Every structure is written in C-alpha cells, then in structure tokens.
Amino acid sequence: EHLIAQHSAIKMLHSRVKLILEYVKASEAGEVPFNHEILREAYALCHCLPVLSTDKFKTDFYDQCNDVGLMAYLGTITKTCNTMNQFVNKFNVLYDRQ
Amino acid sequence: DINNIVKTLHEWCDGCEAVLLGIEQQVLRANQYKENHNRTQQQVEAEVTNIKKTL
Amino acid sequence: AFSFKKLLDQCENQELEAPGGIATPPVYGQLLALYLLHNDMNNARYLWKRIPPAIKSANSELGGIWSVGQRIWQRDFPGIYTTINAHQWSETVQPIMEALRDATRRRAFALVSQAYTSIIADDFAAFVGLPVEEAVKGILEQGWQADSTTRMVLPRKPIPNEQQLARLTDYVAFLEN
Amino acid sequence: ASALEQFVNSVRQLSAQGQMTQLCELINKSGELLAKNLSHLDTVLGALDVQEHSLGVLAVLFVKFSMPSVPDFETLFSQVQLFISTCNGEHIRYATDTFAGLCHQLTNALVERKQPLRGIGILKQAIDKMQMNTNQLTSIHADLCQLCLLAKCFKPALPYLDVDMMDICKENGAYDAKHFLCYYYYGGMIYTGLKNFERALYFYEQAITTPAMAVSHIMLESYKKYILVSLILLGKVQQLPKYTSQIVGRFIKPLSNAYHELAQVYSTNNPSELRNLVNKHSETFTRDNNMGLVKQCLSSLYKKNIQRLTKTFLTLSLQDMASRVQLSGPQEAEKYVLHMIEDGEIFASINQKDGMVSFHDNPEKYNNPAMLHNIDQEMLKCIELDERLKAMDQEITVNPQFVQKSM
Amino acid sequence: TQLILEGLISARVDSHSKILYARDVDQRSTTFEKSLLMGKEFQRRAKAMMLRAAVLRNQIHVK
Amino acid sequence: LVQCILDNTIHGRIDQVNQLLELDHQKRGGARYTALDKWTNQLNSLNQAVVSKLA
C-alpha cells in the first residue's frame, strides 16, 4: 500500500510531465510559437531539475539513513532474539528436563 | 534550446517510467513473499492436521 | 594482483594435489614469493617450516627468498630492498619479486604518510629505498611539504539504488511474517 | 574363497536389481566371511564394478583397513583416489560409521608416517561426499584439521572452517564426542596460526562448553589455549558462560592453575613482572608445543598499553611514550606505533620534528556508504540466522512429544 | 594521567604544549560503535546457541 | 565566570590560555540517541542473560 501510494503520486507527476512535453512538441509543430512566461518558467524548472546538493546535504541524508538503518538492525535483532527464545523454550521441552 | 528541453523532458519521463517499473517489481516481490509466508503457514497447518489424524 | 591471486590459488591447489606429496621447486618458489607479496607472513613462515631441508639444500634460491621474508618480518626496509636486489631471481621469480618490491614501496609510502606528520629526509629515503634528493621531488610532485633547512618531510594525509531497494524489500519481507 | 565369491555375486545381484536397502543391510550384516578370509579382496576389487558396486567395495576397502595386514599403500591410495573420483555414494550416508572409522585409521597412518600434506585433499573430498549440507559437522573434520595442523597448511581448512555447521552427524551412533572435542581444539589452533584470534577464541569457547562426564587432555589443552587467546585479544580471561558444561569446569580450573596465574599478573599490567613470571614458569608453559603465544601475550600487553594511552592522550612524545610503557627508546615506540597503524589498530600520527606522537579518535563519523554496507551485510546474516531458527523451530514442532503434550 | 585512567575527569593530555584538553565525544559515534559490537556479540552467541542445540539434539557427549 | 559556571548558570567553559570564554551552544538537539543506546545495550544484555539462563 505504501509504494502503491508513491506509485500514484509519481503517476500524477508523470502525467503532468507528459502534458508539458506534448505542449512543447505541439508548439514546436504549431500552436503558439512562444507562450511567453509559461514556456520560460517550464524551461527554468527543467533547468532546476538537477537541483545540485552540497556536501552537507548528502552528509545529512547519509546520517538519517544510517540512523534509521541502525534502528532497523535493532528491530531485526529483537525479532531474531524472540525467535531464539521460542526455539529455546521448545527445545527445553523436546529433550531437556527441569 | 527547444531540443535540450525536449531531451530533458524525455529523460524525466524515462526516469519516472523506470521508477514506476521498479515499484511494480517491488509489488511483485512483496506479493511473492506474502505467498511464500502463506505457503509456509498452510504447510504447518497440513502437518498439524496430518499428525492429528495420525493420533 | 588479480592474476597473482589466481596464480597463488592454482599453486595452492597443486600443493594439495601433489602426487608424491612434494611440489616442484618452481611451485614452492612461486608460493613463497606470492605469500610475501600479500604480506601474509604467517603462511610464508609456515610453508617454509613445511618445506623439507632437502629442497632448501638443493635450492639455495629458496633460502634467499626466506631470508628476504625474514627481513620483511623485521620490517627493515633498507635491508629489505638490498636483499631483494641482491639475489638473482629466475624468470618465474623475477617478475613476482619486483611486484613485492613495488608492494613494499606503496606500503612504506602509506605508512609514512599516515603515521609521520614530519620525518627526516634520510629516514624517509631509507624507508622508500631511494636516495634522498629525487625522493624529495617524488613527494613534492605528490603535493607534500619539505623543509630544506631541517631536512624534514611533511607528508599530506589523504551503493546503487537497486541494491538499496532490494535491501529495503528484504527488511519488509523479514519483518512482515 | 567360495563364500567371498557368493558375497560378490550377492552384491552384484542386489545392485543390478535395484535393491538399495537390501544391499545396505547386506553390508551392515555380519560379514564374518570378509573378516576371517583375506588375500582375495584384491580380486574382489577388480571384479566388482563402480557406483553402488563400489559402495560394496568401500566396505571391502573398510575391511582391509580394519586388519593390520593392510596391503601396499601405494596401490591402496591409488584405489582410494579412484574410488573417491568415481564415487556414487548415494547410500554411503547409511553406513556413516564404517566411513568414519576408515578416515580415522587413514589419519592415524598419516600421523604415524608423518605425511599429513596429502591427507587434507582426500579428507576434504570425504567430507563433501557424505555430508548432506554445508551446515553439518562430522568426525572427519577433526582429522582434517589435525592433518592441516601437523602439515602447517592452514589454507584449505579456513574455507571449510569459516562456515558454521549446526548439524552433528551421529555416524549411526559411532560419533564419539572426542571427535567433536578434537575438531574445535584443532580448528582453534588453525585460526590461532592465522592470527584469527576472534574465531580461535570462539572455537576454544565452544570446546569448553562441551558437556562431558570425564575430563580429558584434549579438553584440558583447549581450556589452556582459550586463556592464551583471551589474554591476547581481549587482554583478560573471558568469563565462561552459564549454559556451561559438566565437571570439565570443576576439574580443569584447579589443574590449569598456572595459566590463571599468568592471567593474574597480566591483570596487574606489568610487562617487566610478566616477563619475570614467564621466566619463572618457562618449563610450565613448555609442554604446549608452542611458546610464541606467551610472546604474543607480551606483545598484546604492549599494544594494550599503547591503546590505553590513546584514550588518555591526544599528543604524546616518543620519549614519554617509551618511558610509560617501559621501552628501550623512542625508536622502538616509533616502530610499535607504525606496526599497529599498519594492522589498523591505532589512528594516530607521529611528528619526528618535535618527537611527538599525536593520537586521534575514530575518523568514522558513520556518514560513509561503507558502514551502511556493513550494516546490510550483518542484516543479511541476521535474516539467514532467523530463517534457520524458524526452520529448526518447525522441525521441533514436528516432534511427537510436543504434539502429545499439546493434544 | 592517573585521574584519566580512573575516570571522572573526561580529558586528554596534550604533552606537546602541556595543555589539558577536555574530551567531548560524539554520542552518536560511540552509540553506533557499541551497537555494532553488540550485534557482533549477539551473532556470536546465536552461533554458540545453535551449536549447543545441534550437539544436544544429536546426543553428543563424552562417555 | 568560574563561580557562575560552577553554579550551572553558564553552559560553557573557559579558555585561560587565550583569555577566551567558550559557551556550549548545545544546538545538536540530541539527548535521545543516549536513551536509545542505553535501551539497546540494557535490553540486549538482558536478552543474552535470559538466553544463557534458559539454555
């Protein structure tokens, strides 16, 4: 469900991009040769598509990734130790006494 | 720069389609993992029922 | 490096699959030299102890390689380079011996850069097995600092999206069941 | 010889007619004819074929090894190699006891003749054929590690030792825990010779926790080696766990008093006093087949003192460093720091212009992809661990006793 | 130096200029280091327990 | 300044070598990773002890 929600969002953005590209192609073929501020801002936004991150932003992104990945590792350790506890409890009944 | 704009839009569309395909592959992998878990559960249930019938 | 590792594995397999229980002297020489290349001193020492003295007596070159290995264990770089370039190594040993010589250079070059904020020019020259003067131009072209008055050298210490998605899917699959 | 011919014909008939279990029980039968009658088994070898005919030959091969009249070993070893190369042991897993004894006799002969270099390869093939999965530990592993230790050839074992084998083979009830005890002791020594102190300590700890009603020398030496590695790696004797063992723990501690004395002085942290104790107890540690470990303990103590200086100093001179850890001069301290940095144990820098060594903390800010990749590798290991645990829990659920208690 | 070895001063000695610099270690770096150490120890103990279960299930003990 | 810091009124220290007063800005916004680490270590030692006792 989570990635289906992201899929729907990306689909909406992709539809918007497709509309923009179709309008640009039509303008190249016919339509208004230059729709003024509209194509200007569209080209500017396509020029801001790279965005450009700095060392600090990448460092912070890797920091958050490492933190929450360590949290995920802790959760996996908890699940594994619970499974180990269940296995030990069953083994102490299978052959062991007391 | 109209050609550059068209190329940039095509690259954006291709990247979006690639991400969509990756998301769909994640759908398939998650569904396969759920199916494997269900298969393990039904195998355990069948084993339990077989032992119950044995006794 | 990769070919040397492949050669080492092939030589290692041949020693295990030795028909009479002893390998040919070229195989033992290649094995000992390759261990020295990887700085695997333990394996080189244990292989030398494994070799019977008959091969050592019949092949003085084998003792020469072991003497170099002892120098590598003691880490006396001026002695190591002198011993490397003193004994004539056969066509199966000369190329790998030069690779060990190059490996020693890179190791000592990194050791000085990491550990030594400052080092005497003579000491650095001894460590790299080169005389002082062209060692200075070798490190100035390496972007380092050298003081001519005190003869001191100041070295300058130097996942794809698909894999991430696979790892996260593994997270969710493990934690879902 | 008439009976032997009948046995060969019986083996041929059971093999040709698809009688897998009948051939297995025939091999597992009395076989008194094979024991009393000899000098005709070579004819049996040539006449009999390969695949499961060679499985009957393996019993014939095992019969020969059971007698002190073992034939020419040149021809014997070639026949063994031919049998292993053309091995179809789809049913050798039933007669695990016979094969285990065959390996033990072969290893004993190799030790007697002091030629353990070739036996590593043959025993490596033997383990592969009989074991079910890579997570199975058998008695051949103990002999395999023994051959590697005697031959001083640790290269083959390390692949097969870096895998955890959580399935012991009963060898049809013939698996004695001595093989289990020997494997971990020999495996720990192999890891010790490769400077893999962590795995060597782990192997020694596993050998210590083996439940045993009687204390043995192999167990006693494993405990002694455990102390030595603990002093080297952790700088102290790691406490024995509480899932524990039997009187093995009770008897060895009074017996291995000297190694505890070495640990006690090691805790005092005085290389001069430690060296004096070593000289006092030189003959006490000599029956170890190794004295280098004591020297490695002293080197580890020097390294531990250097490491403790990093946690307390940011910049320390070579002269003061040598004075603190009691070295002969600044050059030795300079060499010691350089070697430890080469091994990746210390993050520091030396300034020869002022004769200073500047220590530094961990340069890892945990912002690089390498730490994330290491965490993901540990994650994969943990997921495989949990899958194995779930499989073992299911196999436990299959048992009769838990179901009977549940029903 | 004795106080640092015992503790409760949290400092580093810079013998070059003879200046005592206080130590303020990053909490996160130490947390990650000891968490990795804990994970390694947990894996080692899991291996030990699996081996114990294997030897108990197969009835392996010195007679 | 020394009296004020020792009274916990000043969150910082003093650099007497350079005649400098450095104050801790405490902008890290942490103190929660410490709790996470304490929880992690305590409960993992707890799990290890429980496993050792049960085995």
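Here, each number is a calculation from the coordinates, and none is a lab measurement. With ideal geometry, Cβ positions are generated from the backbone for all residues, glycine too; neighbour counts draw on all protein chains shown.
Only one of D:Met340, D:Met321 is on the phi < 0 side of the Ramachandran plot, buried (at least 16 other Cβ atoms within 10 Å of the Cβ) and within 10 Å of chain C (Cβ to nearest Cβ); which?
On the way: D:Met321 fails: within 10 Å of chain C (Cβ to nearest Cβ).
Unique residue meeting the criteria: D:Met340.
Just one of E:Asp14, E:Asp26 is among the acidic types (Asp, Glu), surrounded by 13 or more Cβ atoms within 10 Å (Cβ to Cβ) and over 21 Å from the mean Cα position of the chain (by Cα); which is it?
Working: E:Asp26 fails: over 21 Å from the mean Cα position of the chain (by Cα).
Only one candidate passes the filter, namely E:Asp14.
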Quick check: anything in segment C:56-67 touching a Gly at 6+ places or on another chain (Cβ under 9 Å), of a type in the set (A, V, I, L, M, F, W, C) and either surrounded by 16 or more Cβ atoms within 10 Å (Cβ to Cβ) or closer than 30 Å to C:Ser148 by Cβ (or both)?
yes
Need pairs with beta-carbon distance below 8 Å; first residue at the interface with chain D (Cβ under 7 Å from one of its Cβ atoms) and under 13 Å from F:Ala55 (Cβ atoms) and within segment E:48-63, second among the basic types (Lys, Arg) and in a helix (DSSP H, G or I); sequence gap 6+ or separate chains.
E:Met50/D:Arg388
Does D:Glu387 satisfy the condition of being within 19 Å of A:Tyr73 (Cα to Cα) and surrounded by fewer than 19 Cβ atoms within 10 Å (Cβ to Cβ)?
yes
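Does at least one position in segment C:99-112 carry a residue that is more than 10 Å from chain D (Cβ to nearest Cβ), out of contact with any helix residue (DSSP H, G or I) (no Cβ under 9 Å at 6 or more places or on another chain), outside any helix (DSSP H, G or I) and exposed (fewer than 15 other Cβ atoms within 10 Å of the Cβ)?
Filtering segment C:99-112 for residues more than 10 Å from chain D (Cβ to nearest Cβ) gives C:99-106, C:109.
Cutting the leftovers down to out of contact with any helix residue (DSSP H, G or I) (no Cβ under 9 Å at 6 or more places or on another chain) gives us C:102, C:106.
Subset that is outside any helix (DSSP H, G or I): none.
Checking segment C:99-112: not a single residue is more than 10 Å from chain D (Cβ to nearest Cβ), out of contact with any helix residue (DSSP H, G or I) (no Cβ under 9 Å at 6 or more places or on another chain), outside any helix (DSSP H, G or I) and exposed (fewer than 15 other Cβ atoms within 10 Å of the Cβ).
Look through segment D:170-185, keep the residues that are in contact with a helix residue (DSSP H, G or I) (Cβ under 6 Å, 6 or more places away or on another chain) and not in a helix (DSSP H, G or I), and return whichever of them is nearest to the other protein chains (Cβ to nearest Cβ).
Here is the first cut: in segment D:170-185, the residues in contact with a helix residue (DSSP H, G or I) (Cβ under 6 Å, 6 or more places away or on another chain) are D:171-172, D:174, D:179, D:181-185.
Next, from what is left, pick out any that are not in a helix (DSSP H, G or I): D:171-172, D:174.
Details: D:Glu171: 10, D:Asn172: 12, D:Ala174: 12 Å.
Checking each candidate, the answer is D:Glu171.
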Going by what's in this entry, would D:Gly89 be described as in contact with a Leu (Cβ under 7 Å, 6 or more places away or on another chain) and farther than 30 Å from C:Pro52 by Cβ?
yes
Go through segment D:235-263 and report how many residues are within 14 Å of another protein chain (Cβ to nearest Cβ), surrounded by fewer than 17 Cβ atoms within 10 Å (Cβ to Cβ) and either within 20 Å of D:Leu298 (Cα to Cα) or touching a strand residue (DSSP E or B) at 6+ places or on another chain (Cβ under 6 Å) (or both).
2
Please specify each residue of segment C:116-158 satisfying the condition of being assigned to a loop (DSSP other than H, G, I, E, B), within 11 Å of chain D (Cβ to nearest Cβ) and buried (at least 19 other Cβ atoms within 10 Å of the Cβ).
C:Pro155
Looking at (1) under 18 Å from D:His339 (Cα atoms); (2) more than 14 Å from every other protein chain (Cβ to nearest Cβ), which is the only condition C:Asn59 fails?
(1)
Those residues of segment A:73-98 that are assigned to a helix (DSSP H, G or I) and either more than 7 Å from chain D (Cβ to nearest Cβ) or of a type in the set (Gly, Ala, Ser) (or both) come to a total of 9
Counting only residues that are among the aliphatic types (A, V, I, L, M) and assigned to a helix (DSSP H, G or I), which one in segment D:126-140 is farthest from D:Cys87 (Cα to Cα)?
D:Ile140
Test each condition in (1) away from chain C (no Cβ under 13 Å); (2) closer than 25 Å to E:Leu5 by Cβ; (3) assigned to a loop (DSSP other than H, G, I, E, B) for D:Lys365 and report the one that comes out false.
(2)
Determine if segment B:26-41 includes at least one residue that is of a type in the set (A, V, I, L, M, F, W, C), under 30 Å from A:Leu19 (Cα atoms) and within 14 Å of chain C (Cβ to nearest Cβ).
yes
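Test B:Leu21 against the criterion of being within 14 Å of chain C (Cβ to nearest Cβ) and either more than 17 Å from D:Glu395 (Cα to Cα) or in contact with a strand residue (DSSP E or B) (Cβ under 9 Å, 6 or more places away or on another chain) (or both), and give yes or no. Before the answer, list the steps.
On the way: within 14 Å of chain C (Cβ to nearest Cβ): yes; either more than 17 Å from D:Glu395 (Cα to Cα) or in contact with a strand residue (DSSP E or B) (Cβ under 9 Å, 6 or more places away or on another chain) (or both): yes.
Yes: the conditions hold for B:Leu21.
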Yes or no: D:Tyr186 touching a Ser or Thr at 6+ places or on another chain (Cβ under 7 Å) and among the aromatic types (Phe, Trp, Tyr)?
no
For segment D:343-357, enumerate the residues that are more than 7 Å from every other protein chain (Cβ to nearest Cβ) and over 17 Å from C:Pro158 (Cβ atoms).
D:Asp343, D:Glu345, D:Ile346, D:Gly355, D:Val357
Filter segment A:13-66 for residues that are among the β-branched types (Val, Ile, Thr), over 20 Å from B:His10 (Cα atoms) and not in a loop (DSSP other than H, G, I, E, B) and give the result.
A:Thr59
Just one of (1) surrounded by fewer than 21 Cβ atoms within 10 Å (Cβ to Cβ); (2) closer than 22 Å to C:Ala44 by Cβ trips up D:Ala157, so point out which.
(1)
Being touching a helix residue (DSSP H, G or I) at 6+ places or on another chain (Cβ under 9 Å) and of a type in the set (A, V, I, L, M, F, W, C) is the filter; apply it to segment F:1-28 and report the residue that is farthest from the other protein chains (Cβ to nearest Cβ).
F:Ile10
Out of everything in segment E:8-33 that is hydrophobic (A, V, I, L, M, F, W, C), outside any strand (DSSP E or B) and more than 10 Å from chain F (Cβ to nearest Cβ), what residue ends up being nearest to D:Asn362 (Cα to Cα)?
E:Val25
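In segment C:83-114, what residues are of a type in the set (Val, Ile, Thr) and within 29 Å of C:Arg156 (Cβ to Cβ)? Working first, answer last.
Within segment C:83-114, the subset of a type in the set (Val, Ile, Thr) is C:83-84, C:92-93, C:96, C:104, C:112.
C:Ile84, C:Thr104, C:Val112 - these are the residues of segment C:83-114 that are of a type in the set (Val, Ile, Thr) and within 29 Å of C:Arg156 (Cβ to Cβ).
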Exactly one of E:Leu5, E:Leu36 is at the interface with chain D (Cβ under 7 Å from one of its Cβ atoms) and either over 18 Å from D:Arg308 (Cβ atoms) or part of a helix (DSSP H, G or I) (or both), and that one is E:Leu5
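Table: residues versus (1) within 22 Å of D:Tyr184 (Cβ to Cβ); (2) outside any loop (DSSP other than H, G, I, E, B); (3) touching a helix residue (DSSP H, G or I) at 6+ places or on another chain (Cβ under 6 Å); (4) of a type in the set (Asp, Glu).
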site: D:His53; (1), (2), (3), (4): no, yes, yes, no
site: D:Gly56; (1), (2), (3), (4): no, yes, yes, no
site: D:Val63; (1), (2), (3), (4): no, yes, yes, no
site: D:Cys87; (1), (2), (3), (4): no, no, yes, no
site: D:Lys124; (1), (2), (3), (4): yes, yes, no, no
site: D:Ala142; (1), (2), (3), (4): yes, yes, yes, no
